[PDB]
Amino acid sequence: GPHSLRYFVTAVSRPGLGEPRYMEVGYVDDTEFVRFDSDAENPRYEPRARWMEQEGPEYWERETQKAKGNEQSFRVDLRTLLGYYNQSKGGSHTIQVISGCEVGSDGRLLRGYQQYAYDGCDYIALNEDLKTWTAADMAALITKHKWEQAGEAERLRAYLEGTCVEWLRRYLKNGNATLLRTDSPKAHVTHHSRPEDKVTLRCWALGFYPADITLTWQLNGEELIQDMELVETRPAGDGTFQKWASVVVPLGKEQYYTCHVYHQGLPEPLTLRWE
Amino acid sequence: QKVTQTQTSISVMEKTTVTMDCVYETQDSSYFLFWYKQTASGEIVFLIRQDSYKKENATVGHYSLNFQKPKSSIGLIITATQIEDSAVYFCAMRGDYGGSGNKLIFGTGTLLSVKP
Amino acid sequence: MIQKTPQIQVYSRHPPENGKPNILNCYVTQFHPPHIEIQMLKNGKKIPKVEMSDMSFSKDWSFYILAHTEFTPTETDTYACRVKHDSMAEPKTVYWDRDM
Amino acid sequence: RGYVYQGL
Amino acid sequence: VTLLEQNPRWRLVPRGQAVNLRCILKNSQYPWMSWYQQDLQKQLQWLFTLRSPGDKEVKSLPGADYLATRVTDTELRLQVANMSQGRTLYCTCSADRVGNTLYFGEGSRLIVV
Ligand SMILES: *[C@@H]1O[C@H](CO)[C@@H](O[C@H]2O[C@H](CO)[C@@H](O)[C@H](O)[C@H]2NC(C)=O)[C@H](O)[C@H]1NC(C)=O
């Protein structure tokens with residue numbers, strides 16, 4: 001499949017209460033594989049996956065110093081923005097960045113990108129053509145004009161088309177086994193009619209990974225996806241997730257109701273009724 | 001060393017063309033190389049720069065670079081040397097990213113004498 | 001400059017049964033700013049190691065965190081998620097479950 | 001590896 | 001039409017006497033300000049880069065002890081203590097911290113006398 005390498009960055013100011021908290025988290029095919037947290041005991045770029053340990057400390061030196069550079073720069077950026085937006089010197093604010101490359105199974109680059117947000121709203125972004133920027137508002141327009149004059153995008157292209165891709169197809173080797181793995185769920189229905197006449201039926205899936213799963217209810221043939229109740233997929237802890245779906249039915253009719261559980265770990269979908 | 005200027009001095013005639021060597025080391029993916037010159041009164045004037053990811057020898061006025069990535073080398077060519085071209089020439093490079101801030105790393109510099 | 005309101009997902013790691021020493025989990029998603037008041041209770045009080053997971057954000061800039069720890073399942077002395085956040089004028093919380 | 005961010 | 005103004009321009013001073021230096025930014029599109037030292041054989045070496053007002057810092061080099069302050073968005077200061085040999089101090093400015101060109105002030109020349 002198409003893999004990606006993405007870095008998520010947060011800088012969040014906390015006036016009076018210390019120094020801007022800084023964070024870089026890295027994902028490969030969308031699982032956390034490195035982190036830096038200005039707030040940890042002895043800040044440093046720690047591996048977040050066992051397979052990253054197979055990396056020599058010369059690598060943990062560079063990344064760490066980079067982050068301290070970056071951290072210090074976002075310190076300054078948080079300040080710049082106060083003057084662009086005319087905001088007051090003592091409120092809290094947030095800058096976030098997403099950067100990465102997306103690579104085909106054939107290894108060719110599909111999409112390089114980099115997007116910035118201030119206080120949860122898109123601020124500036126690099127366009128698909130990898131040469132120009134789209135600014136979301138009047139402050140980002142300053143940033144953008146500034147970045148054009150400095151040819152900042154050619155530097156970004158180079159990183160996105162070179163380093164990023166080359167380091168992607170390298171974390172992929174050392175991380176594969178752990179990454180393109182998977183684990184099947186296990187279900188069970190449950191009756192939870194609080195001493196009443198109506199009978200709501202609930203389907204429980206657990207133990208599964210990845211979080212891609214789908215559960216449904218049908219009236220044997222036709223689909224009862226109308227009044228079906230289900231909550232967002234949650235993570236359990238060990239590196240696997242859980243989910244449940246539910247729906248109302250006339251008491252007496254209970255075994256005319258089937259649950260369906262789909263997941264790539266399974267060799268066939270799962271089916272179950274009351275136990 | 002990170003930035004190296006092997007030659008101490010050069011003496012040449014007016015109207016000649018001089019090359020100043022510089023060789024460098026860095027482990028950065030992207031980097032930037034500069035030449036500055038310093039005059040008798042000690043002012044340090046910027047001359048020309050070369051970005052590593054840019055695939056063409058920079059040039060400005062009679063100053064031009066001979067940029068040779070594989071050889072970690074970045075010569076400064078002055079064509080048609082003038083008397084006022086006489087100074088010390090500094091080769092510099094941006095000193096690897098990390099807390100530090102605005103770090104230029106300099107070589108020891110080269111004296112250029114242009115004889116009338 | 002927008003304030004997303006947290007979505008709290010109270011829930012046990014495993015199905016109900018008192019006795020087993022493991023890890024207890026909480027799930028807050030969809031908030032901004034990233035400053036959130038969340039710690040693990042106990043009948044209505046505290047816990048020494050509210051191991052609140054390391055923060056994270058999504059493609060859409062909203063933050064999520066996994067409030068976890070270690071515990072030993074109990075009965076009708078139920079538990080909850082202690083949650084406060086600048087998004088709402090009043091704090092809030094929903095209560096644990098044996099089944100969910 | 002990550003990137004070295006320009007200033008805003 | 002210069003970006004930076006540096007004072008004082010020189011100083012004659014016995015071994016060890018402290019000296020203060022100050023540099024004023026004239027163009028605020030280059031707010032990244034650094035101090036560089038050139039020693040008596042002309043070797044330039046970086047000392048500090050101070051972006052924000054209130055940024056304070058110390059750095060001991062062979063022959064001199066430094067303390068630097070970004071005082072306001074346009075004023076940068078330098079304390080040189082314990083100076084045992086002369087050297088000259090250059091203020092620089094640049095438009096950002098990655099890759100942009102550094103431009104040099106005229107230097108404050110220190111002479112142990
Ligand atoms: C700038 O021009 C010089 C020549 O004046 C180029 O020098 C060489 O580049 C290659 C890499 O070492 C050599 O194999 C070639 O012999 C030589 N090329 C030429 C044009 O003579 C230099 O590469 C140029 N700089 C760049 C890369 O832009």
# chains A, B, ... in the order shown; residues from 1 in each chain; ligands from 1
$ interface_residues --of "chain E" --to "chain B" --cutoff "6 Å" --atoms "only C-alpha atoms" --output "list in words"
residues 43, 49, 97, 104 and 106 of chain E
$ write_last_selection --atoms "N, CA, C and O atoms" --output "PDB file, in the first residue's frame"
ATOM      1  N   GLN E  43      40.493  35.354  12.851  1.00  0.00           N
ATOM      2  CA  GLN E  43      39.489  34.309  12.910  1.00  0.00           C
ATOM      3  C   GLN E  43      38.175  34.840  13.484  1.00  0.00           C
ATOM      4  O   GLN E  43      38.115  35.277  14.633  1.00  0.00           O
ATOM      5  N   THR E  49      23.173  34.727  19.392  1.00  0.00           N
ATOM      6  CA  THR E  49      22.095  35.228  18.548  1.00  0.00           C
ATOM      7  C   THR E  49      20.914  35.489  19.437  1.00  0.00           C
ATOM      8  O   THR E  49      20.487  34.617  20.152  1.00  0.00           O
ATOM      9  N   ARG E  97      16.425  32.720  10.867  1.00  0.00           N
ATOM     10  CA  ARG E  97      17.496  31.908  11.458  1.00  0.00           C
ATOM     11  C   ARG E  97      18.027  30.776  10.600  1.00  0.00           C
ATOM     12  O   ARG E  97      19.103  30.247  10.870  1.00  0.00           O
ATOM     13  N   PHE E 104      26.995  42.386   8.202  1.00  0.00           N
ATOM     14  CA  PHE E 104      27.831  42.834   9.319  1.00  0.00           C
ATOM     15  C   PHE E 104      27.817  44.339   9.595  1.00  0.00           C
ATOM     16  O   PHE E 104      27.893  45.155   8.677  1.00  0.00           O
ATOM     17  N   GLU E 106      29.905  47.566  11.555  1.00  0.00           N
ATOM     18  CA  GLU E 106      31.234  48.069  11.275  1.00  0.00           C
ATOM     19  C   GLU E 106      32.279  47.611  12.320  1.00  0.00           C
ATOM     20  O   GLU E 106      33.467  47.821  12.161  1.00  0.00           O
TER      21      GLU E 106
END
$ residues_near_ligand --ligand "ligand 1" --cutoff "7 Å" --atoms "only C-alpha atoms and all ligand atoms" --output "list in words"
residues 55, 56, 57, 65, 66, 67, 68, 69, 70 and 71 of chain B
$ interface_residues --of "chain A" --to "chain C" --cutoff "8 Å" --atoms "only C-alpha atoms" --output "short mmCIF file (atom, residue, chain, number, x, y, z; two decimals) with N, CA and C atoms, in the first residue's frame"
data_model
loop_
_atom_site.label_atom_id
_atom_site.label_comp_id
_atom_site.auth_asym_id
_atom_site.auth_seq_id
_atom_site.Cartn_x
_atom_site.Cartn_y
_atom_site.Cartn_z
N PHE A 8 3.94 15.95 13.19
CA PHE A 8 2.96 16.83 13.77
C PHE A 8 3.63 17.67 14.86
N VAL A 25 5.79 15.10 17.14
CA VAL A 25 5.46 13.69 17.09
C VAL A 25 5.60 13.25 15.65
N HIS A 93 -2.03 30.79 23.36
CA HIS A 93 -2.18 30.59 21.93
C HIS A 93 -1.45 29.35 21.47
N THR A 94 -1.76 28.90 20.26
CA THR A 94 -1.26 27.61 19.79
C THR A 94 -0.88 27.67 18.33
N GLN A 96 0.29 24.95 15.22
CA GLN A 96 0.44 23.53 14.93
C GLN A 96 0.87 23.41 13.50
N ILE A 98 1.56 20.37 10.30
CA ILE A 98 1.66 19.02 9.77
C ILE A 98 2.50 19.06 8.50
N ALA A 117 -1.42 25.85 11.34
CA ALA A 117 -2.60 26.40 11.98
C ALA A 117 -2.19 27.27 13.14
N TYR A 118 -2.86 28.42 13.28
CA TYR A 118 -2.82 29.24 14.48
C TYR A 118 -4.15 29.15 15.23
N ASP A 119 -4.07 28.79 16.51
CA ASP A 119 -5.24 28.70 17.38
C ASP A 119 -6.35 27.82 16.78
N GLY A 120 -5.98 26.73 16.11
CA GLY A 120 -6.98 25.83 15.56
C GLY A 120 -7.54 26.21 14.20
N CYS A 121 -7.17 27.35 13.63
CA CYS A 121 -7.59 27.72 12.27
C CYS A 121 -6.46 27.68 11.25
N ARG A 234 -12.83 3.40 20.31
CA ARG A 234 -11.94 3.81 21.39
C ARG A 234 -10.73 2.89 21.43
N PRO A 235 -9.61 3.39 21.94
CA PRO A 235 -8.42 2.57 22.16
C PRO A 235 -8.42 1.95 23.57
N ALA A 236 -7.93 0.72 23.68
CA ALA A 236 -8.00 -0.01 24.95
C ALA A 236 -6.76 0.19 25.80
N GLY A 237 -5.58 0.12 25.18
CA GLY A 237 -4.35 0.35 25.91
C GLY A 237 -3.14 -0.34 25.30
#
$ closest_atom_pairs --of "chain A" --to "chain E" --cutoff "9 Å" --atoms "only C-alpha atoms" --output "tab-separated table"
residue	atom	partner	partner_atom	distance
A:73	CA	E:97	CA	8.0
A:76	CA	E:52	CA	7.3
A:79	CA	E:52	CA	8.7
A:150	CA	E:100	CA	7.4
$ residues_around --residues "residue 1 of chain D" --least-positions-apart "5" --cutoff "12 Å" --atoms "only C-alpha atoms" --output "mmCIF file with C-alpha atoms, in the first residue's frame"
data_model
loop_
_atom_site.group_PDB
_atom_site.id
_atom_site.type_symbol
_atom_site.label_atom_id
_atom_site.label_comp_id
_atom_site.auth_asym_id
_atom_site.auth_seq_id
_atom_site.Cartn_x
_atom_site.Cartn_y
_atom_site.Cartn_z
ATOM 1 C CA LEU A 5 5.895 9.877 6.799
ATOM 2 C CA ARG A 6 4.332 12.750 8.740
ATOM 3 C CA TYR A 7 5.472 15.129 11.483
ATOM 4 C CA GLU A 24 7.160 17.032 17.716
ATOM 5 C CA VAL A 25 5.458 13.693 17.093
ATOM 6 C CA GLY A 26 6.316 11.569 14.084
ATOM 7 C CA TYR A 27 4.164 8.977 12.347
ATOM 8 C CA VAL A 28 4.897 6.347 9.756
ATOM 9 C CA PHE A 33 7.260 6.191 15.975
ATOM 10 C CA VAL A 34 9.103 9.164 17.548
ATOM 11 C CA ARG A 35 8.321 11.939 19.967
ATOM 12 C CA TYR A 45 13.882 12.591 20.728
ATOM 13 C CA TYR A 59 20.653 9.719 14.789
ATOM 14 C CA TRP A 60 19.145 10.619 18.155
ATOM 15 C CA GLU A 61 21.658 13.440 18.433
ATOM 16 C CA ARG A 62 20.705 15.196 15.194
ATOM 17 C CA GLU A 63 16.923 14.912 15.667
ATOM 18 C CA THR A 64 17.205 16.155 19.263
ATOM 19 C CA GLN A 65 19.246 19.212 18.340
ATOM 20 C CA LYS A 66 16.900 19.949 15.412
ATOM 21 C CA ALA A 67 13.972 19.942 17.787
ATOM 22 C CA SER A 99 4.391 18.123 7.227
ATOM 23 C CA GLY A 100 5.124 14.956 5.358
ATOM 24 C CA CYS A 101 5.371 13.064 2.145
ATOM 25 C CA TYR A 159 13.344 18.252 1.917
ATOM 26 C CA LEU A 160 10.015 16.812 0.748
ATOM 27 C CA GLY A 162 14.669 14.031 -1.000
ATOM 28 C CA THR A 163 15.152 13.492 2.749
ATOM 29 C CA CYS A 164 11.541 12.720 3.533
ATOM 30 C CA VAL A 165 11.124 10.070 0.865
ATOM 31 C CA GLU A 166 14.558 8.537 1.453
ATOM 32 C CA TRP A 167 14.021 8.388 5.164
ATOM 33 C CA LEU A 168 10.524 7.000 4.631
ATOM 34 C CA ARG A 169 11.733 4.047 2.617
ATOM 35 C CA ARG A 170 14.060 3.266 5.525
ATOM 36 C CA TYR A 171 11.865 3.491 8.594
ATOM 37 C CA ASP B 28 23.139 18.816 7.007
ATOM 38 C CA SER B 29 20.721 17.880 4.260
#
$ residues_around --residues "residue 13 of chain E" --least-positions-apart "4" --cutoff "8 Å" --atoms "only C-alpha atoms" --output "PyMOL selection string"
chain E and resi 17+110-113
$ residues_around --residues "residue 70 of chain C" --least-positions-apart "6" --cutoff "10 Å" --atoms "only C-alpha atoms" --output "PDB file with N, CA and C atoms, in the first residue's frame"
ATOM      1  N   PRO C  21      -5.838  -6.962  38.763  1.00  0.00           N
ATOM      2  CA  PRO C  21      -4.954  -5.791  38.676  1.00  0.00           C
ATOM      3  C   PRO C  21      -4.468  -5.534  37.244  1.00  0.00           C
ATOM      4  N   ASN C  22      -4.881  -4.411  36.658  1.00  0.00           N
ATOM      5  CA  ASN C  22      -4.511  -4.089  35.279  1.00  0.00           C
ATOM      6  C   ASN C  22      -4.284  -2.591  34.999  1.00  0.00           C
ATOM      7  N   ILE C  23      -4.971  -2.076  33.978  1.00  0.00           N
ATOM      8  CA  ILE C  23      -4.874  -0.680  33.546  1.00  0.00           C
ATOM      9  C   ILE C  23      -6.282  -0.138  33.226  1.00  0.00           C
ATOM     10  N   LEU C  24      -6.634   1.027  33.779  1.00  0.00           N
ATOM     11  CA  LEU C  24      -7.940   1.665  33.518  1.00  0.00           C
ATOM     12  C   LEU C  24      -7.827   2.866  32.558  1.00  0.00           C
ATOM     13  N   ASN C  25      -8.778   2.987  31.622  1.00  0.00           N
ATOM     14  CA  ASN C  25      -8.669   3.943  30.508  1.00  0.00           C
ATOM     15  C   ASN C  25      -9.795   4.985  30.347  1.00  0.00           C
ATOM     16  N   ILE C  47      -6.320   9.986  42.580  1.00  0.00           N
ATOM     17  CA  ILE C  47      -5.480   8.820  42.291  1.00  0.00           C
ATOM     18  C   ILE C  47      -4.030   9.280  42.175  1.00  0.00           C
ATOM     19  N   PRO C  48      -3.106   8.488  42.716  1.00  0.00           N
ATOM     20  CA  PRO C  48      -1.686   8.863  42.729  1.00  0.00           C
ATOM     21  C   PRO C  48      -1.093   8.988  41.325  1.00  0.00           C
ATOM     22  N   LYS C  49      -1.304   7.976  40.485  1.00  0.00           N
ATOM     23  CA  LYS C  49      -0.691   7.941  39.155  1.00  0.00           C
ATOM     24  C   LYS C  49      -1.700   8.049  38.002  1.00  0.00           C
ATOM     25  N   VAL C  50      -2.396   9.185  37.919  1.00  0.00           N
ATOM     26  CA  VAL C  50      -3.250   9.499  36.770  1.00  0.00           C
ATOM     27  C   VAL C  50      -2.363   9.575  35.533  1.00  0.00           C
ATOM     28  N   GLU C  51      -2.160   8.438  34.875  1.00  0.00           N
ATOM     29  CA  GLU C  51      -1.130   8.323  33.843  1.00  0.00           C
ATOM     30  C   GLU C  51      -1.503   8.968  32.502  1.00  0.00           C
TER      31      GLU C  51
END
$ closest_residue --among "A:110, A:154, A:190, A:219" --to "residue 131 of chain A" --atoms "only C-alpha atoms"
A:154
$ closest_residue --among "B:64, B:35, B:89, B:98" --to "chain D" --atoms "only C-alpha atoms"
B:98
